[PDB]
Structure formats: C-alpha cells, structure tokens
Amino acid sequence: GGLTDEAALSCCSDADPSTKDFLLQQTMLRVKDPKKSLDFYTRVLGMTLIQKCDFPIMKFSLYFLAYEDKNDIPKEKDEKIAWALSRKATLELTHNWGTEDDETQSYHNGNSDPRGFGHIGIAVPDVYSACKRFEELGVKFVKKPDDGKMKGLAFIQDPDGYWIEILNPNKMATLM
C-alpha cells in the first residue's frame, strides 16, 4: 500500500506565485490550565510567551509561545501584535475560561479514538541529554529514547496530555 515517490510527486504542484509569502504561523491547542501550560512550555521546553490576548465577551484567552528571544519582542502594543503574528512556528494555546475548575473536563490529545492530530515535535541537539533533564524535571514520557524499535527518538506529554516528539535531525537518517 502507500504511494510510490513518483505517485506522490505527480500529486504535487508548483507553488502558485500568489502564495509566495505565506508562512506556517501557528498550531492551536486548547489547554485546561494556562498556569500549568505556561510553566511547562517556558520552564521545561524553553519557549517564550510572546503575546497574550483576552476576549472577555467570548470568555477565552490566547497565549502565543515561540522559540524567540525575549529581547526581540516589540515594546509597542500594535507593533508587538504584528511581530508575534508574523513569527513562524508558534504555538497558540487557547484557554477557555473555567476549564481549570471543572474536575471532569479535559481535552483529547488525538491519539486515542477518535484520532486526528498526533503531536508537535521539537528538534533538539541531543535527545539523550534533553531527556535526562526532562526526567529530572518530572516530565511524563510516552516513549523514552531507547524504548521500542526506534532508539534515539522520544515522546513526552505536556500538562494536557498532548504528545511532543523529541528528535535530533542529525541522527534521524541513522535509525531510518
């Protein structure tokens, strides 16, 4: 089963000039508790909160995290919004007010029926050292680096249970 390389390529088209400056800006994930999520993404993963937006009428907040230098964040409101929303590879955490209190509430990580979304993935210089630190910090693992067939690739979970793949681009070909 599955397509051949030629079959896959025949389904691909060259980029229309009108799509020249498009960029993959964000991946939105709903989070039960923004306090737990902000701590995990900044302290554990090293991301930076680059923008926060609240919509009181709709009762939700958006938290934008990205691997950006805190010093690059514009000081001016409107200028910070356009900068934050033009960064690529950001995480848009959606907090629906009140979920933190609802003990029965939780979001679906997409890895059990019904499936869809799978995970976000972070490229790191060293999977082993990165995971050693994650263990020290008490991070939950779905797959430790040397568990299973694929060694040197890990999967951790965020506070909501979303999977995060930990990989080293420079050692992927070695397993594949």
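All residue numbers refer to positions in the sequence shown, first residue = 1.
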Task: Between 18 to 26 and 5 to 13 (mean CA B-factor, as deposited), the higher - done: 5 to 13
TODO: Look over 74 to 82 and 87 to 95 in the entry and identify the one with the greater average Cα temperature factor.
DONE: 74 to 82
Open item on the list: I'd like to know which of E135, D39, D126, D33 has the highest C-alpha temperature factor in the PDB entry.
Closed with: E135
- [ ] Between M150, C131, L49, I122, let me know which has the highest C-alpha B-factor in the entry?
- [x] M150
Open item on the list: Where does the C-alpha B-factor of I57 rank in its chain, lowest, middle or highest third?
Closed with: highest
